[PDB]
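In: Experimental structure and its sequence below.
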Amino acid sequence: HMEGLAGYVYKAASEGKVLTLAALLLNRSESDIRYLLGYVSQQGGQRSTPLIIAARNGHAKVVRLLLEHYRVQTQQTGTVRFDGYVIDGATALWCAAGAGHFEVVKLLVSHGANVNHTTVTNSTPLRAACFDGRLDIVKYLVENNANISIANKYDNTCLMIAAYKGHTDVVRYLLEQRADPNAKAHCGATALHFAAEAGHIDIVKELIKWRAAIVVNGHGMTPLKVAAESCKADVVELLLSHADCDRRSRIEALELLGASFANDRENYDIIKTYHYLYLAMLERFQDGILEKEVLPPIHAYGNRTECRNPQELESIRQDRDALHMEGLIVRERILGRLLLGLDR
């Protein structure tokens, strides 16, 4: 039984016991150190080589040993367990970058591991390290020719996942490295969409600073409408502060923002509801006008209709009932998810 010996070796690698591993592989036949260091054994559903899981668990001494002395190849791919599910066709360098083991990454890059290997989902190592928010790993790979352009299966860039996750420090680094702020996913979303839904106000500032374009979603959502719908009001004020559809869409955002303060118990603030709906209402009546193409009264909302004149809306600064309804009609009139590729 030799596969048993391959199992002892694997247990050593994943546990970091670099001395007990060193004894295992010492005085072996070349056909054997090759079999032993290649045997892809399963720790559950996780198919991995001793190099891979050693790098994944962060045992830099076990990695240095397998590389410096036993000439193991840095192209071995396996399926590794991250955050509960399994990720397929991951190299050792990918697991290290995704787990934040810097020394192991510098070890692997040093020994020539492809910095632009791609997971079955087309996830570069640089991508997995932006999901982590480890800037020093991101910098290191970007410096060692990690291509910032390689997006995943759903065309979701490193700059996107870094912005969706909140890591403002690496969004700046990616932008500084001239990362395209105006890339799109399958759905049409840009990095500004993901930063806006989640409410990352410093990131939204960074994207704008780097000439991020206000683009229409495939679904018809500008980052203003996502910020509005997601009730991230402080983000809307920042996006309203720049060149954006002088009035027509500038009001759409205000009404959807005010409506979205009534369509959830997360915010449910009816003072904020009136505040934005009425400011939107004043904005329509400026010239000699942007009239409301109000829809027929919905059978659900009794017989209520959308206020078309400020006085019609001024009559409901009280009566939080006829605002709740007003909140639901205003949302339904403007609207009637696209968050798929946001994993490692």
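Out: Yep, it's here. Residues are numbered from 1 along each chain as shown.
In: mind listing the helices for the stretch 51-200 of the chain?
Out: Under the criterion DSSP state H, counting those that start in this stretch, the stretch 51-200 of the chain contains helices at 60-68, 92-99, 102-110, 125-132, 135-143, 158-165, 168-176, 191-198.
In: Just send the ones you listed back as TSV, with mean neighbour count and distance to residue 217 too.
Out: For the C-beta atoms, the positions are set from N, CA and C on the backbone; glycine is no exception. Shown next, in TSV, are the helices of the stretch 51-200 of the chain (neighbours: other CB atoms under 10 Å; distance: least, CB to CB, whole Å):
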stretch	mean neighbour count	distance to residue 217
helix 60-68	21	43
helix 92-99	30	29
helix 102-110	21	35
helix 125-132	27	22
helix 135-143	20	27
helix 158-165	28	13
helix 168-176	22	20
helix 191-198	28	7
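In: Kindly reformat these as JSON lines containing distance to residue 293.
Out: Shown next, in JSON lines, are those (distance: least, CB to CB, whole Å):
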{"stretch": "helix 60-68", "distance to residue 293": "64"}
{"stretch": "helix 92-99", "distance to residue 293": "49"}
{"stretch": "helix 102-110", "distance to residue 293": "56"}
{"stretch": "helix 125-132", "distance to residue 293": "43"}
{"stretch": "helix 135-143", "distance to residue 293": "47"}
{"stretch": "helix 158-165", "distance to residue 293": "34"}
{"stretch": "helix 168-176", "distance to residue 293": "38"}
{"stretch": "helix 191-198", "distance to residue 293": "26"}
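In: Ramachandran coordinates for residue 246?
Out: Here is the backbone geometry of residue 246 (degrees, to the nearest 10): phi -30, psi -50.
In: burial count for it?
Out: Residues lying near residue 246 (other CB atoms under 10 Å) number 7.
In: just the one 4 residues further on next, same as before
Out: Using other CB under 10 Å, residue 250 has 16 neighbouring residues.
In: mind checking the SS state of it?
Out: Under DSSP: H, G, I helix; E, B strand; the rest coil, residue 250 falls in the helix class.
In: pretty sure it contacts residue 286?
Out: No. Residue 250 lies out of contact with residue 286 (CB atoms under 8 Å); the separation is 11.6 Å.
In: residues in contact with residue 268?
Out: By CB atoms under 8 Å, 6 or more residues apart in numbering, the residues touching residue 268 are 261, 262.
In: ok, it to residue 280 distance?
Out: In this view, residue 268 and residue 280 are 19 Å apart by CB to CB, to the nearest Å.
In: and the gap between the spatially most central residue of the chain and residue 35?
Out: Most central in the chain under CA atoms, centre = their mean is residue 161, positioned 2.8 Å from the mean C-alpha point. Counting by CB to CB, the separation of residue 161 from residue 35 is 38 Å.
In: all strands of the chain, in order?
Out: 41-42, 47-48, 77-82, 85-91 (DSSP state E).
In: most tightly surrounded among those?
Out: Among the strands of the chain, ranked by average contacts under mean count of other CB atoms under 10 Å, first place goes to strand 47-48 (a mean of 22).
In: Can you give the strand pairings for that strand, parallel or anti for each?
Out: strand 41-42 (antiparallel) (DSSP bridges).
In: How far off centre is the strand it pairs with?
Out: 30 Å (CA atoms, centre = their mean, to the nearest Å).
In: what do you get for stretch 253-269?
Out: The chain centre lies 24 Å from the centre of stretch 253-269; the measure is CA atoms, centre = their mean.
In: what does stretch 137-151 give?
Out: That offset, for stretch 137-151, works out to 17 Å (CA atoms, centre = their mean).
In: do stretch 116-133 as well
Out: Counting by CA atoms, centre = their mean, stretch 116-133 comes out at 12 Å from the chain centroid.
In: Could you tell me the end-to-end distance of it?
Out: One end of stretch 116-133 sits 18 Å from the other (CA to CA, to the nearest Å).
In: Show me the contact partners of that stretch.
Out: Counting by CB under 8 Å, 6+ apart, 75, 77, 87-91, 93-94, 96-100, 105, 115, 137-138, 141-142, 145-148, 150-153, 158-159, 161-162, 165-167, 169-170, 174, 343-344 sit against stretch 116-133.
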